[PDB]
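[1] pasting the structure only:
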Ligand SMILES: COc1cnc(Cl)cc1-c1cnccc1C(=O)Nc1nnc([C@H]2C[C@@H]2c2ccc(C#N)cc2)s1
Ligand SMILES: COc1cnc(Cl)cc1-c1cnccc1C(=O)Nc1nnc([C@H]2C[C@@H]2c2ccc(C#N)cc2)s1
C-alpha cells in the first residue's frame, strides 16, 4: 500500500490496472475502496461495470453519485463508486465518526480535473485529508491510485501523493492526425461506405441539430432496419417522447447528442452508436468527457467553441474516441479549418495539455480549514500549518485570513485550541460551502418564523439551488405566470422577497444590471422562478408541459432535478444537525421526490431501481401502492399493465430486456428489498 | 454686476465690503441676495448682524440655516443668509420654478471650504449653476462675491467665476512670531496681570476640560464679580443646567468650549469671553472655524490633533483670533512644542494653506447631473458637456458614467433628450443625495405597507439620519433598553429589521466587522438606537435623562436634533413630491418637533422665536396654549410666570434682556405673528 499514480491514453485498457488493484486490496484487507469519478454518468457506468465484474465474488458495489445513494449502510458496502463531491462528504463523515481505518484504498479517475475546474479543489482536499491522516497515524493504511492523460507534471502529482509513476503513450489503434482544408458529399459517401461510424463534434446545439438533420437529408436523397425500428420504439415511449427532428434523422444512421436531450435519450443514442446501429453522431463538448464511446473517425466542426479557441484538454480527450480496440486497425481525427482558422487549428494540433493548477481568502481554503477543524484533526495553529504543506498548492499564509473569516462568521470558537460551536458542525455534515451556509442559515431561520404549509412551494424555495445559471429566464412569461398564480403561492412569494415592482421592471425594461452587491434580490426572483419549475416538477407534470409553461427544455429541467435533489438532501442534513426537527421532517420527503419528480404516494414505490416515474404511476394506478404489494403479484399481471420479445422500455445499465422479463425483475427486486 | 472675488485675513473687516455690495445691489435692482455661510452658528450670527444693520431701511433679512427657516415666503425676503446645504436647495427650487431672475447677488463667505470638504462640492455646484444660467441667458444678471484667507490659487478661482481679484495681507493688530523654548503657569500669570485674555486650543475634550480645571485651581490657590455671577445664573437656568466642573472653573476667569456642551452653553461662554468676563478660554478645533471671537494671545496645546499633524488651514484660522481691532496693539500666537514635536511645529509655522481641490462615478457628479436635468437647463447630451466646462474641476468623461447610473436607477428617462419621471423630480426638490434616495424610497415604500401608528417610533425611524457617526453606541445599555422596551416599540423594531440575535452578538462579542456590503443590517440597529434617542427627545425629557439612558452627551444629542430635523424636513418634501399624502401628513409635524424637541401641543407655541422648549412648557402649563392666546395677556403675568433687572434667561442674538422685558417682547412678537 505504497500508493500509486499513473497515466495512459484512453482506449488502451487503462482502467484494468485499477480493477486488479482494487480487487486485490478489498479481497486482502477486507476494507472499503472508493472509486472517485468526475461525472455522474461515468460514475453510474463504472458502478454497473464493477457490479457485473465483482458480483460473483461476494463484493458489494454501490456508489454515491448525483442525488442518488445506496439503499444500504456504508458498512455493508465494499466498493463505493462515488463522484468527487460526494467522496469528500464520505471522508468527512468517516473522520467525524473516527472510523477512518475502515478504508483500504481510494482510486481516482481522470485526475486532470484536479487543475482548473469548479470541482478539482474538492479532489485536492479529499486527497489531502487522506495523506494527512495517513502520515499522522500510520505501510498498508490507505492506497491511492490516479489516472490521467499525458500530464506535463505527472511526476509532481506523484511526489505530492508519495506514489510511484508510470506514463506511456500507447494505443492499439494508432491515431493519425492530419489536418486538411466541394468533395463534401464524396467524403461522406466514402466514409459511410466503408462500414465505419463517424463522430462529429459541434459546439452549437442548434447548429449541431441542423447539421445532423441535413446529413440525414443528404443520405435520404442519395438513397439493421429491425434493430433501428427497435430503437425507434424505445425512443417513442419516454416521458418526453420522441423529437420531431430526431424521428426523421434516426432512420438514416444519423443522430445527435447534446445536453438538451434527456439522460434517457442520451443513453439510447449512446447505446445505438456503440452497437453500431447509428453510423454518424453529431455530439457536443459534453460528450468529450462523457461515457466511453469509441468511434472509427472523429471530426470537429471548428476549433471555435463558445466564441474562443477550443480547450486543448477537450481536444485531447476528444481524439481518444477515434479507434476501436479489437475491431478497428487504425483511427482518424480530422479537423476541418478555414483561412482565418488555419492558424488556430495548427496551434491546436501541436502542444499537449496545460499544467495542473490548484485554485487555492478563497472559499476553498475556508472549506479546507472548516473540514480539518470540525473533523478534529487540526485544532491548534501548530498543526494547521502542516496541512498547508500537505496540499498540492504547497508541493507545487492564506490560512489566517480564512481562519478569521470563520470566527468572524461564528463558524468556530477560539480557546490556543479551536472548536466548532454548532454551525461549523452542521456545515461540514451537510457538505455545504461555508460561504453559502450563512445565507442558508438566514433563509431557513427566517422561513421557520412564518412558514407556509398550504403547498410545497415554500419548502421548494428553500431547497432551490441558484449557484449556477441553469437556464435563461424569460421574464414576460414569468410575469404572466405571476399574475396567474394562486394567492397561496403569492403569500410565500411575498415572504421570500418577490416584489411585483421588480417583475414589472424586468417584463419590459432590459434586465437590470446587478452592479451592486446589494442586488442579490435579483437572485430571489430567479430562485422563485426555479422553485415554481420544481413545484411543477414534483407535481408529476410532463416535461413538455414544464417546457411550454416555463421555456426550459427537458435537459435543463433534468439538470435542475439533480441539482435541486442534491441540494435538498444537503439542506436536510444541515437542518438535522442544527436541531431543527420540524424543518428536517418537512424537508426529508423532498429529496426523493426531486430525484424522481414524483408525488408523495410514489415515494415508497420508486425504491425499486427498475421503476421510472412513469413506471411507478402505472403500477400505482393499477393498485400496487407499495413495494411489498408489488412483490405479491404474478409476472403476467405486471406484464399486461406495462403493455397497456421486443425491447421497448429502457433502464440505466440494461440488457436484452423486454416487457416480459422486465416485469419478472420488478417483482424479484421488490422481494429482495423486503 | 461683473462678479467679484477677493481674499483678506480675518480680523481686518474683510466682510465689510460685502455689506456695502449687498446694500447697493438690493437697493438698486430690488433683487435678492443669498449670503452663504459654512456653519449654522456663523450663519445665525451673520443673520442677526445683517438684521441689525439693515432694519432701518425697511429690508427683510431671514436665512435658511440648519433645520430652521423663515416664517414668511421667499418672495418677501431680500437677503437670505443661508448655509451652503440650503442655498443649493434655494437655487434648485428657483430653477425648477423658472424664477431665476429674482436673484441679484450671491455672496459666499469662507470660500476655501470649496476644496477638500464634505460640503464644498455643494458650494461648487451652486456656483456652477449661477454661471451656467447667466451665460445661457444674459451685465447685471447675478453678482458673486467670495472671501478666504491667502489662497495659493485665488486667481484661478476668480478666472473660473469670471470675476476680479483682490488679495492683501493686512491687519490692524499685527501678529508676531518668535519661538522661545508645559511651563504655562508663569506665562498665564504675566498675561493675566496685563489685563488681557488668552485663547488656548486643545485637541482632546476631556483633557481640555481638565486643562481648564487645573488652570482654575492654580488661580484659586495662588491668586467683574457681579457680571460673573450674572453669567453663573444664566448658566444655572438651562435645560441641561450647569456642569460640576464648569461651576468651579468659571469664577476664576477660566472656561472651556467644545462640541460636548450645548449650543446655549457655547453661546454663554463665547459672549462672556468676548465681553472680557472670561480671561482664559480652552476651546477646541470646533471654535477655530466658529464665530468671530478675537483674543489677545492665542496658544495651542500641541500640533498633534487626532493622532496626526494639525491641519495648516485650521492653524491659519486659529491665529487670526490673536488680536482685537480697536483695543489691542499687537497680537501674539505661541505654539508650545517638544523634542519630537519640534520638527512638526517648525513645519507648521511655515507654509500657507494647500490648494483648493474640486472633489468631483462620484456621487457629486450624479447630484449635479440630476440637478441640471430635472431643472430643464441641460436636457440633451450636447449641452451637458458645457456644464463640465463650467465646473471648477474643469477650469482647474465621468458624465456618461453618472448619466447611466441615473437611468440604471430609473432617476431619469431617455428620449437624445433626458427627463425625470417621478423619483428624479422628488429627489431634487427634496435636496436628498441621489445615492441614498434609493434606500429612502425602499424604506418609505416598505413602511407604508405595515405602518405602526401606536407611537411615533416608526415615524422617527424613517426620519432618522445615519450618514455620520453622531455618537458611539454602547450595545450593553442598548440591549438593556431592548429588554425593557414595550411590545408596541418592538413590533416596529421587527418591522424595520432589528433582530435579537444581532444585539446578542454585540452585547458580549466584539463589534462585528462590516467587511461585506451586505452588512448594512448593522446600520439598521444603529438607526433604531438613534430613533429611540429621538423619541425620548421629542417626548420632552431632559437632556441629562437621555444622556444617562443612552450615554450620548447633550452636545451630541443637539447635533442629532438638528440633523434629524433637517432630514425629517427633506423626507417630508420627498414624500410630498412623490404623491404620498398620508406619509407626508404623518411626517409634517415631526420637523418642528425635532427642531425644538417638543410635543405636538407646543408646536403652535414655539412659533415665537423668543420661546424655547422650556419657555414653551411653562407658558403651556399656565394656560397659554396658542400664540394668539399668548398675545392676549398682560406683561406682568408672563413676567411672574417666567420668574416662577438681572439678565438670567438667554436667547440667540440677545441684548440687555431680563425677566421683565423678555416677557414684553414675547407678547409683542406674538402680536406681530398674528
Ligand atoms: C450530506 O450531503 C448530501 C446529502 N444528500 C445528497 Cl443526495 C447529496 C449530498 C452531497 C452534496 N454535495 C456534495 C456532497 C454530498 C455528500 O457528501 N453526500 C453523502 N452521501 N453519503 C454520505 C455518507 C453519508 C454516509 C456515511 C455514513 C456512515 C459512514 C461510516 N462509517 C460513512 C459514510 S455523504
Ligand atoms: C427640502 O429640503 C429641506 C427641507 N427642510 C429642511 Cl429643515 C432642510 C432641507 C434641506 C436639507 N439639506 C439641504 C438643503 C435643504 C433645503 O433645500 N432647504 C430649503 N428650505 N426652503 C427652501 C426654499 C425651498 C423654497 C423656495 C425657494 C424659492 C422660492 C421662490 N421664488 C420659493 C420657495 S430650500
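    Yep, it's here. Residues are numbered from 1 along each chain as shown, chains lettered A, B, ... in the order given. Ligands and ions are numbered 1, 2, ... in the order given.

[2] the stretch 351-500 of chain A: helices as residue ranges?
    A:363-375, A:381-390, A:392-395, A:398-408, A:423-429, A:434-449, A:457-462, A:475-483, A:487-496, A:500-508 (DSSP state H, counting those that start in this stretch).

[3] got the buried residues for the longest one?
    Same thing as helix A:434-449. A:434, A:437-438, A:440-441, A:443-444, A:447 (16 or more other CB atoms under 10 Å in any protein chain shown). Using the backbone N, CA and C atoms, a C-beta is placed for each residue, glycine as well.

[4] farthest pair in those residues?
    Maximum pairwise distance among these (CB to CB): 20.2 Å, between A:434 and A:447.

[5] in chain A, spot the helix with the most residues.
    In terms of residue count, the longest helix belonging to chain A (DSSP state H) is helix A:554-578.

[6] would that helix count as contacting chain B?
    No. Judged by CB under 8 Å from any CB of the partner chain, helix A:554-578 and chain B are separated, with a smallest distance of 14.3 Å.

[7] which secondary structure elements does that helix contact?
    helix A:423-429, helix A:434-449, helix A:521-538, helix A:543-550, helix A:581-596 (3 or more CB pairs under 8 Å, 6 or more residues apart in numbering or on different chains; DSSP states H and E).

[8] adding distance to ligand 1, write the helices of the stretch 351-500 of chain A out as JSON lines.
    Below are these laid out as JSON lines (distance: least, CB to the nearest ligand atom, whole Å):
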{"stretch": "helix A:363-375", "distance to ligand 1": "11"}
{"stretch": "helix A:381-390", "distance to ligand 1": "20"}
{"stretch": "helix A:392-395", "distance to ligand 1": "20"}
{"stretch": "helix A:398-408", "distance to ligand 1": "19"}
{"stretch": "helix A:423-429", "distance to ligand 1": "7"}
{"stretch": "helix A:434-449", "distance to ligand 1": "12"}
{"stretch": "helix A:457-462", "distance to ligand 1": "15"}
{"stretch": "helix A:475-483", "distance to ligand 1": "28"}
{"stretch": "helix A:487-496", "distance to ligand 1": "23"}
{"stretch": "helix A:500-508", "distance to ligand 1": "30"}
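
[9] so which of the ones you listed gets nearest residue A:210?
    helix A:475-483 (25.3 Å).

[10] relative orientation of that closest one and helix A:500-508 in degrees?
    With axes from the mean of the first three to the mean of the last three CA atoms, to 10 degrees applied, the angle from helix A:475-483 to helix A:500-508 works out at 140 degrees.

[11] between the buried residues of helix A:434-449, which is closest to chain B?
    residue A:438 (9.5 Å; CB to the nearest CB).

[12] from chain A, which residue is nearest to chain B?
    For chain A, CB to the nearest CB, closest residue to chain B: residue A:517, 4.0 Å.

[13] so that residue makes contact with residue B:519?
    No. Using CB atoms under 8 Å, residue A:517 is not in contact with residue B:519; the gap is 10.1 Å.

[14] re the thing from before, could you dump the helices of the stretch 351-500 of chain A into JSON lines and include distance to residue B:491?
    Output for the helices of the stretch 351-500 of chain A, formatted as JSON lines (distance: least, CB to CB, whole Å):
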{"stretch": "helix A:363-375", "distance to residue B:491": "38"}
{"stretch": "helix A:381-390", "distance to residue B:491": "46"}
{"stretch": "helix A:392-395", "distance to residue B:491": "52"}
{"stretch": "helix A:398-408", "distance to residue B:491": "31"}
{"stretch": "helix A:423-429", "distance to residue B:491": "29"}
{"stretch": "helix A:434-449", "distance to residue B:491": "14"}
{"stretch": "helix A:457-462", "distance to residue B:491": "23"}
{"stretch": "helix A:475-483", "distance to residue B:491": "30"}
{"stretch": "helix A:487-496", "distance to residue B:491": "18"}
{"stretch": "helix A:500-508", "distance to residue B:491": "25"}
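
[15] give me the neighbour count for the residue of chain A closest to chain B.
    Applying other CB atoms under 10 Å in any protein chain shown, we find 10 residues neighbouring residue A:517.

[16] chain B contacts on chain A?
    So chain A meets chain B at A:408, A:410, A:505, A:512-513, A:515-518, A:520 (CB under 8 Å from any CB).

[17] spatially, which two of those residues are the most separated?
    A:410 and A:505 (35.8 Å).

[18] closest one to residue B:494 among the helices of the stretch 351-500 of chain A?
    Closest among the helices of the stretch 351-500 of chain A, using CB to CB: helix A:434-449, at 9.7 Å.

[19] centre of the chain to the closest one, how far?
    Centroid separation for helix A:434-449 versus its chain: 26 Å, with CA atoms, centre = their mean, to the nearest Å.
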